[PDB]
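**Student:** model the following, please.
(2 chains, ligands or ions: 1)
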Protein chains: 2
Amino acid sequence: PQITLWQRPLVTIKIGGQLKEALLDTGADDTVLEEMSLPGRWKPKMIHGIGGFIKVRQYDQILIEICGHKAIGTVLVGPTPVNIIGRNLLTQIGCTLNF
Amino acid sequence: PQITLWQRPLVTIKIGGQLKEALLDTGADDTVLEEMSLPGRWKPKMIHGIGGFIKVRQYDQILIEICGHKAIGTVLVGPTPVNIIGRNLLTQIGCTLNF
Ligand SMILES: CC(=O)N[C@@H](CC1CCCCC1)[C@@H](O)C[C@H](C(=O)N[C@@H](CCC(N)=O)C(=O)N[C@@H](CCCNC(=N)N)C(N)=O)C(C)C
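**Tutor:** Numbering: from 1, shown residues only, chains lettered A, B, ... in the order given. Take a look at the structure below.
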């Protein structure tokens, strides 16, 4: 697809059977999702956002689908205001920026 | 041009006669640059990200030159970790997300 930025690039992702809306975010190294429970063991991580730092829960090898593209990878769960699809999964689906 | 997400999408911008480096951020509504001396008037605003809320000095109709293309828009100056080019200016230089 080709997406323009007149509006927030919200997209539909399916994570473990459930459907959620996520924003394609080029400024995010990683993928951060709102609070939830995934199928595994988690480790602690600290991420830095604009307003400061947050502790998140790292899960690995998580399968997620993004607009029909399935991805497998690291997902961070924490107190984020919105689900964010970072570059770790953006690189996987073939996403690039163009002008 | 086409930008890949393997690394942080950093670009060089010229604002106020100064050359800066900034992140092409599709997750950002606006453009927020680190604390700098810029001439003009301004009114405060508040915004938030993953860390929380920050108070920024809002400046409007500012000319920024991003990778060769000139552009007019609002610029927020505050405690941002990195200079950010938000959707407000990414739209102006014709940037799209493709995958
Ligand atoms: C990982 C992360 O943290 N990466 C940041 C970018 C940046 C953070 C500092 C280090 C380098 C990378 C953003 O890429 C993520 C994005 C974000 O921080 N973007 C803000 C900032 C720009 C701005 N001040 O506009 C934003 O868009 N703020 C809007 C509210 C929209 C949120 N959406 C809803 N609540 N629905 C606002 N008007 O305050 C998420 C949290 C939504």
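
**Student:** tell me the buried residues in the lengthiest strand in chain A?
**Tutor:** In chain A, with assignment by DSSP state E, the single longest strand is strand A:53-66. Neighbour-count burial for strand A:53-66 flags A:54, A:56-59, A:62, A:64, A:66 (criterion: 16 or more other Cβ atoms under 10 Å in any protein chain shown). The C-beta positions use only the backbone N, C-alpha and C, and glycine is treated the same way.

**Student:** next one: stretch A:76-90
**Tutor:** A:76-78, A:80, A:82-90.

**Student:** in a markdown table: those residues, plus distance to the ligand.
**Tutor:** Converted to a markdown table, those look like this (distance: Cβ to the nearest ligand atom, whole Å):
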| residue | distance to the ligand |
| --- | --- |
| A:76 | 10 |
| A:77 | 14 |
| A:78 | 11 |
| A:80 | 6 |
| A:82 | 5 |
| A:83 | 9 |
| A:84 | 6 |
| A:85 | 11 |
| A:86 | 7 |
| A:87 | 10 |
| A:88 | 11 |
| A:89 | 13 |
| A:90 | 12 |
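
**Student:** quick one: residues contacting residue A:38.
**Tutor:** A:15-16, A:59, A:62, A:75, A:77 (Cβ atoms under 8 Å, 6 or more residues apart in numbering or on different chains).

**Student:** which of these sits closest to residue A:43?
**Tutor:** residue A:59 (8.4 Å; Cβ to Cβ).

**Student:** helix, strand or coil for the residue nearest to the closest one when sequence neighbours are not counted?
**Tutor:** Excluding the flanking residues, the one nearest residue A:59 by Cβ to Cβ, 6 or more residues apart in numbering or on different chains is residue A:38, at 4.6 Å. Here residue A:38 is coil, with the state taken from DSSP: H, G, I helix; E, B strand; the rest coil.

**Student:** and the nearest residue to residue A:33 once chain neighbours are set aside, how far from residue B:50?
**Tutor:** In space, residue A:33 comes closest to residue A:83 once its chain neighbours are excluded; the distance is 4.8 Å by Cβ to Cβ, 6+ apart. Distance, residue A:83 to residue B:50, by Cβ to Cβ, to the nearest Å: 12 Å.

**Student:** what's opposite the residue nearest to residue A:33 in the beta bridge?
**Tutor:** residue A:22 (DSSP bridges).

**Student:** can you say which two of the contacts of residue A:38 are spatially most distant?
**Tutor:** A:16 and A:77 (11.8 Å).

**Student:** for residue A:91, what are phi and psi?
**Tutor:** phi -60, psi -40 (degrees, to the nearest 10).
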